[PDB]
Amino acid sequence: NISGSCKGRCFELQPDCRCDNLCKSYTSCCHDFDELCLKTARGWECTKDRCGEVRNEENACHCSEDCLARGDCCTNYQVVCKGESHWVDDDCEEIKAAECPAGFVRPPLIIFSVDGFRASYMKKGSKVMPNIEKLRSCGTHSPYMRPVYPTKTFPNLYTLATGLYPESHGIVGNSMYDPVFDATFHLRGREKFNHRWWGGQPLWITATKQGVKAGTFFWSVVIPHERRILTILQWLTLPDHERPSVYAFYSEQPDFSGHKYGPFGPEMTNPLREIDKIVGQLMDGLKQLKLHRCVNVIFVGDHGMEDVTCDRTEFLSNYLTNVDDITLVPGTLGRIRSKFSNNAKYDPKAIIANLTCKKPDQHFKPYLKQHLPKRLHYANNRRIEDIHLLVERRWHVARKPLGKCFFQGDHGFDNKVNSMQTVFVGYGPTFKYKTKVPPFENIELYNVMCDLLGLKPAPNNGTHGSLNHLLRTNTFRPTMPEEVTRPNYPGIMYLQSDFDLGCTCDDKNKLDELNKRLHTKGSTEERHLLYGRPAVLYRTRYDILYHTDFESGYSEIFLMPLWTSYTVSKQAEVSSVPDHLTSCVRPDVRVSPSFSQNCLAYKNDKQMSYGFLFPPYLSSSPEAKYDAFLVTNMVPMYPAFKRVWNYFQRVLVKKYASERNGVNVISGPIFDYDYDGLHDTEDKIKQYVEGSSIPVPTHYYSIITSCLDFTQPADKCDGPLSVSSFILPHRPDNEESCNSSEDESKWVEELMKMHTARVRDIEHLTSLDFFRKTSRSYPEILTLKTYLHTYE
């Protein structure tokens, strides 16, 4: 019932009628909300005639001498009426500590969020956006910030607020179907108002739970931007018991203009100017209230924007017979499901097959969601359809063909695509002065916002401490996790006679019985384990195994290494496997027969072959090559996957060593059968080599590290490290790689670059912790481990 009034409660922070930020969206405003709270008379700027006016309640904002006390001046009031300078016109001045008024307990945070602000728009600079440019140059900025997939508004805004991947927070798209609710979420309508959609703990809640008052972050679209700023500014003059410490402004710009005209249309200047004007109003307003050297300002975008036109559309009807029986979420991604339930005609395998490699230059690729690059983190939610289409940048996928084309831009693509990257600036007392920082992922910001407000963050996907280098003052000191399982160091115990593994090798020429020091540490750790042993962060049993060319941590539970570490120097050579050794597998005399793989299992498994974690190709001598054929270096591999793995080991490792002045390589298996991005417990493992307890990995990883200063070799690096990593799907076919019938030099590297990963992604998937013994600080190492080599 709307017969109630908004008198003296406009934009309060509180059946009965509403007067708040979102009442328009919920259709619940009092009758006089428009009249009393959305006042527009005389615009947003004081004029010289209006200075020292008698107060009129009709006006949008005021120019009377009481306004500064009442906190409702137009933002340019001191400039126009009291001869002051605009904030932008002032020189850049370091803020060495927070200069807040009496009774401020902590510096406030204002988040200024923009929609579809591509990173490259910052290259326009002060000619177009002078306020933004001062914030960028005076404060802390990165060249770009990486959004989450899909690169759409709601998943990203809510990711920014929570620190969570969309699969965890539940906003997996602007449109979603939950098959358990049997309901569809959209941007339009009331379904989105149901609490059941919105998981995680957003910042405003984290703050409120810990006694830190929050302003409402989102705004009904009809509230003009100037009024949003004025409201925030009014809230900042409230008494201590009401005044929030965290605030957000949101703008829908420059998204729509991007859609209509494209990211490089000349029409983009006007929206970028209008955004900067609003920033200017904020900064001037802060300055009037003596808060310009008190508040932290974050300027952040949700996602970027790409050139897309109508003529660049693929249609499912060119690939599939019956597009009337499926539902497609289309555009810059595709999600496919059955339109109706209990349709026995629906055949997901046949749909994917018909969508796989049907023409050269096909502008989308189908995937089962568990097979998508792990770096996307886009599977562990029942609202993500099993069938997913990754669409090529600049293209759309639609169901069927059915005038002028009205769009020239769109977004939603793979979050590593350059055009999708967006903006980050941090300005104010807690941010660093005139500091450039490397690109980072939007998931990391929630931890930072929590640090800026003295809050304990809720569990999230950030790596707390990885952005300590953004801040002048760090409240959070990260601590390395405790090692859970200590390594065993088994020495030489067993006779070759003790083993009955069904393996054979022509190895009687070896001097193992003669060699008293066989497999002692010697020089192995120094040369092959450059950053300390990985810590095993779960309860298990494993053995550290030394060899001439490599070191491994061999799990007696999975019957294979969790990691294998080795260094390849710039001038390392490749040697082939001699004919008499092609099928050589040798028992490991340190490891019990009962905790070893057996060769009969591979022989009986007609689908499964094996490979090696340390490649025999990189052996330092013919003698040393025999260590690479140990049963404890063996892992189960599909023949299809061996094409990939052999090329990587034989060709690419040496290439990388050559290019990077040596590399250190750590490789191992991953088990993620339930596609949650987390190391599987034994119960979750769903495939074994036939008749055995040798589990089959879902993925194989490698972490390839060298010196950032490539003039120093990898094993003698004084300074920062350079890392690139991958998580390759362990698949029984190469259907993902459309050119896989060709030589591996035509497709394997492309596959690997698509499956690039963060060291942190591997840590979650293995419950290992890398880079524990280095010359670098632990926060530097956390930065290193969050790095993603994108290949853009």
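The numbering used is simple: start at 1 and walk along the sequence shown.
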Missing residues of the deposited chain between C92 and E93 number none
Which of 602-610 and 328-336 has higher mean CA B factor, as the PDB entry lists it: 602-610
Between 82-90 and 450-458, point out the one with the higher average CA B-factor as the PDB entry records it. 82-90
Between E763, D66, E749, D733, which one tops the list for Cα B-factor in this entry? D66
Would you mind finding, among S552, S257, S594, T540, the residue with the largest C-alpha temperature factor in the entry? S594
Among modelled residues of the same chain, the CA temperature factor third for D72: highest
Going by what the PDB entry lists, where does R375 fall on CA B-factor within its chain: lowest, middle or highest third? lowest
Chain thirds of CA B-factor: placement of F104: highest
Taking the entry's C-alpha B-factors for this chain, is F771 in the lowest, middle or highest third? lowest
Considering every modelled residue of the chain and its Cα B-factor in the PDB entry, is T27 in the lowest, middle or highest third? highest
